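Enquirer: Here it is, the structure in full.
There are 2 protein chains.
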Amino acid sequence: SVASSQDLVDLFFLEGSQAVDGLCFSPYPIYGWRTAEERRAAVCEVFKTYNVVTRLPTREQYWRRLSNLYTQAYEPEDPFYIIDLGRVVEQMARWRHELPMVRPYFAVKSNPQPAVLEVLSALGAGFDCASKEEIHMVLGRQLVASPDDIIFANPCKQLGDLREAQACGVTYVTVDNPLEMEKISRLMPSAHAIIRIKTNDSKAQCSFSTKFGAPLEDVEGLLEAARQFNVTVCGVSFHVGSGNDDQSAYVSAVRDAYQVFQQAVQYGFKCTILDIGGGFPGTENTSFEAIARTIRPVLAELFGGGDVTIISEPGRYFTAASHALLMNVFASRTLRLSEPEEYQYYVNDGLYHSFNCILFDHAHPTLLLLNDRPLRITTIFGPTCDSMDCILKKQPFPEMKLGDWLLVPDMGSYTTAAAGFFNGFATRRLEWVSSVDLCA
Amino acid sequence: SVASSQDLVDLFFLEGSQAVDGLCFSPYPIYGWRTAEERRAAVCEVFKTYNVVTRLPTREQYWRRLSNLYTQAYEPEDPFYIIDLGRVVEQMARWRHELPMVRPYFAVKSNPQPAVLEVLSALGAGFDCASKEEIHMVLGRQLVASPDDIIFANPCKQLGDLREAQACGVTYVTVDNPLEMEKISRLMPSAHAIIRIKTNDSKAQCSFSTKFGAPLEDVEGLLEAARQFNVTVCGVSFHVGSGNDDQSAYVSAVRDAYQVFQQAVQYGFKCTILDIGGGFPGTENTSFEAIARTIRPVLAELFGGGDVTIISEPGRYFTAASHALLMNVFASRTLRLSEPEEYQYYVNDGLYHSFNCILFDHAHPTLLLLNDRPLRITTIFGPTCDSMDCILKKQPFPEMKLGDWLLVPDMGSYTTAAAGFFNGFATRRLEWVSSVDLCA
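This is how it looks when you write it as structure tokens:
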């Protein structure tokens, strides 16, 4: 387990720069409209904005060290997040290194923290918005040069959302059903439609073919309707389901997408664009590398055309490893199993807030006792008056005591995003750090 | 099913007024520090503040009518809530009529809408806060004459919360564990401690004895510790679990609470106060009346003392029936069961927001097709890009079409409270109405 991969970052930043004669390390322009010099500047600006304290070196030990340091308006026992914006940059480097053909459009949904949106803008990523609110948060902070840099990746959108994307100049919008075509034709006449197709996502963590993605069969009627309502079908997308380690799935989807491209021509549509969506893991089994190994060949084969630009929509990739949550053990009490003793503890974050992922994301986060005392049957609860606000139930774990801290790493995705403010408890304190050298 | 019970409201307001010579209709002062005239005024003020449109008459048909009317800055298809603040008042009347001995302290957690907090303040209710944030929301809007009118009903609270309740002048605080006593003694020396005990809550909708409530046995050591850390034990509380229809449970708890009162004396504690917590249903099997029938006797028997004031902490009671959610069906598509056809629809609210109750509250809300078309295998989803944002899966229901509306009544409790803002979709539009005559 590595605390960082300086190497990649270096290379990432160098490519397209004067210090290598504007030379790219693959056939492909660096992502974004900025020059390599312009890009390194824009990023240092953001780091300054958010008072990012650089802090260089295992990942676990990097976190345990940083946590001891950050424990000593907000209270001293309050819960807080250490956000490594360096790990975000590193993930962007790791992605260019492995898939330069593919330009990442970050999925805002996964963590819309303004610093994270700002870093990714400056690194040349595009934006995947699912609502009028997400569109307005990208345009109102001007994180793009153009509304061509936003994909509206919600196959099913309200009419007031279609209207506000039209008026904002947004173009690239998803579809997967007949009734949706009609709507796009109407509210977005300036629309470059992309067809989302179904996948064999049964291997994922979160499988979305249930709700979204036209099945292979229906593609034909969908195409037919696009021609009919005067809708410009400029591409094909897919998602193999969030947190999917199945490599066969990505291969399979590209194939299916090819056969569509073929079908599209017959209706008067030259497809420019191939969106391979998300599902790539953000934490160090199946690696992101192993996945790219099996994708690059296939992109080469069928979309090694050259006539078609290739894009992605990762969310979890970028943010998951970035965040560590710190929670104080502020209360405790012991019970009797039915002298066998249950040790119950009460921590200042939980299901209603950061740990909603346990339910919406099927997450199983790691609970790290900061200064590891015998193995107790332990139960841990969040601050709320509800008994279901429980993150661990009657499972072995060290006896703890009050004042102790829990460190939860890899909490950057689908946690705060969706988190609510029940019983009026939120985690507000944010410590920004960087694990990577950039801005001296 | 009745759209209102004018009768009760009338009586409620009359009692303690000049028009009946300041005469109460039971041995017991009207709730609150306001005179009956002062109380009716304060309430009309709030109704004016929130531009409440009175609208008098089944409950279902009252809602269906009001919904047709309210369908025609916010969009015309946006989701919205019709909030009947009259039903809140009515619930307060219904409670005085049935349990004048018992002063209700409203549990903010269940729905902290400022208009709901304001109405309940003006009707003479006290406040049940579970966090420093809930305490600050009641004091910062000055909804009490005194910090004696707030119970801090969180048996397990962070030290920064204990500190801020001490500095705010708050006194009445819950406890159920030794380690907690020590903490109260320290941060709150001005504390009037109330002991929470366990219950046989196995019949409830939401059972909280798992996390909270000292078991009968442990009471003795707890008492002992209170005497020891110089802590003033002024009472006993309990909760029979939220949405509990079991009448035996309320009888049982009062009994257990009595035996505690007895135990308390031996340590130097004269208990003033009996908090019967919550669990009372808010919607029209087991009725609220049936429950009061079995409680009043027992309160009479053991706490018909007269030396002891009796209080409650209902949350759901007050708010549940108050709110109706309206959601627009904005998209749809049909699939093939494995020509059997699944009809999938997409509505502008869902699991991540108002329908989180399906998961945290085990709610099973009612879905009402506004203008009821044959019975389809239907699946309904919320606006978010997640497949798990699904409120109905493959169950019979009328074929619908786009532009249709769904009415969900009885959504006032443990919905918006806890609701989050994932994918940046929230319900914001609020239509305030009243089902009860008061303010001409």
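Protein sequences appear in the order of chains A and B. All the letters of the first sequence, read from the start, carry residue numbers 124 to 180, 211 to 225, 252 to 463, 470 to 523, 540 to 573, 622 to 689 under UniProt numbering. All the letters of the second sequence, read from the start, carry residue numbers 124 to 180, 211 to 225, 252 to 463, 470 to 523, 540 to 573, 622 to 689 under UniProt numbering. For every residue, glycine included, the Cβ atom is placed at its ideal position computed from N, Cα and C.
1. Tell me the DSSP bridge mates of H371 (chain A)?
2. Pull up the DSSP beta-bridge partners for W681 (chain A), would you.
3. Per DSSP, which one or two residues make a beta bridge with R518 (chain B)?
4. Quick check on the burial criterion: 16 or more other C-beta atoms within 10 angstroms. Buried or exposed for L322 (chain A)?
5. Kindly list, in the order they appear in chain A, the residues whose Cβ is closer than 7 angstroms to that of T389 (chain B).
6. Would you mind stating whether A436 (chain B) and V410 (chain B) have Cβ atoms separated by less than 8 angstroms?
7. Between the C-alpha atoms of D340 (chain B) and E543 (chain A), what's the straight-line distance to the nearest angstrom?
8. Contact defined as beta carbons within less than 8 angstroms: I believe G673 (chain A) pairs with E313 (chain B). What is the distance between those atoms, to the nearest angstrom?
9. Who are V281 (chain B)'s beta bridge partners in DSSP?
10. Using only the heavy atoms of the ligand PLP, determine whether one of them is closer than 7 angstroms to the beta carbon of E542 (chain A).
11. How many Å lie between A372 (chain B) and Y429 (chain B) at the Cα?
12. Report the option in B:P357, B:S421 and B:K171 whose CA atom is closest to the CA atom of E396 (chain B).
13. Quick one: residues in its chain with C-beta nearer than 7 angstroms to the C-beta of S140 (chain A), no 5 flanking neighbours on either side, listed in chain order?
14. Does any residue of chain B bring its CB to less than 8 angstroms from the CB of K288 (chain A)?
15. DSSP puts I452 (chain A) in a beta bridge; with which residues?
16. Please state if the CB of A475 (chain A) and the CB of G669 (chain B) are separated by a distance shorter than 8 angstroms.
17. Express the C-alpha separation of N549 (chain B) and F646 (chain B) in angstroms, rounding to a whole number.
18. Hey, is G319 (chain A)'s beta-carbon within less than 8 angstroms of any beta-carbon in chain B?
19. Out of B:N423, B:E256 and B:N557, which one is the CA nearest neighbour of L338 (chain A)?
20. Roughly how many whole angstroms lie between the Cα atoms of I261 (chain A) and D686 (chain A)?
21. So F646 (chain A) is in the beta strand (DSSP E); what residue range does that whole segment cover?
22. Could you check how far apart the C-beta atoms of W654 (chain B) and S310 (chain B) are, in whole angstroms? I think they sit under 8 angstroms.
23. Could you check whether the stretch 502 to 522 of chain B touches the stretch 282 to 299 of chain B, counting it as contact only if at least three pairs of C-beta atoms, one from each stretch, sit closer than 8 angstroms?
24. Can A509 (chain A) and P658 (chain A) be called in contact, C-beta distance under 8 angstroms?
25. Cβ of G392 (chain B) within 8 angstroms of Cβ of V419 (chain B)?
26. Pick from A:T462, A:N470, A:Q644 and A:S497: whose alpha carbon is nearest that of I480 (chain A)?
27. Which class does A428 (chain B) belong to by DSSP, given the choice of helix, strand or coil?
28. Which runs of the beta strand (DSSP E), 3 residues or longer, sit entirely within the stretch 314 to 339 of chain A?
29. Between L358 (chain A) and chain B, is any beta-carbon pair separated by less than 8 angstroms?
30. What three-state label does DSSP hand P293 (chain B) in the structure shown?
31. Between the C-alpha atoms of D328 (chain B) and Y154 (chain B), what's the straight-line distance to the nearest angstrom?
32. Span of the beta strand (DSSP E) holding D307 (chain A)?
33. Consider the Cβ of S517 (chain A): report whether some Cβ of chain B lies at a distance smaller than 8 angstroms.
34. DSSP state of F136 (chain A), grouped into three classes?
35. In three-state DSSP terms, what is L687 (chain A)?
36. Determine which residues share a DSSP beta bridge with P658 (chain B) and list them.
Expert: Well, looking at it:
1. A:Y351 and A:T411
2. A:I262
3. B:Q545
4. buried
5. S636
6. no
7. 26 angstroms
8. 5 angstroms
9. B:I495
10. Of the ligands one can find in the structure shown there are none, so the ligand PLP has no counterpart to examine.
11. 22 angstroms
12. B:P357
13. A159 and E160
14. yes
15. A:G414 and A:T494
16. no
17. 18 angstroms
18. no
19. B:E256
20. 17 angstroms
21. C639 to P647
22. Incorrect: roughly 36 angstroms between the Cβ atoms, too far for contact.
23. yes
24. yes
25. no
26. A:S497
27. helix
28. 329 to 331
29. yes
30. helix
31. 11 angstroms
32. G305 to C308
33. yes
34. helix
35. coil
36. B:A509
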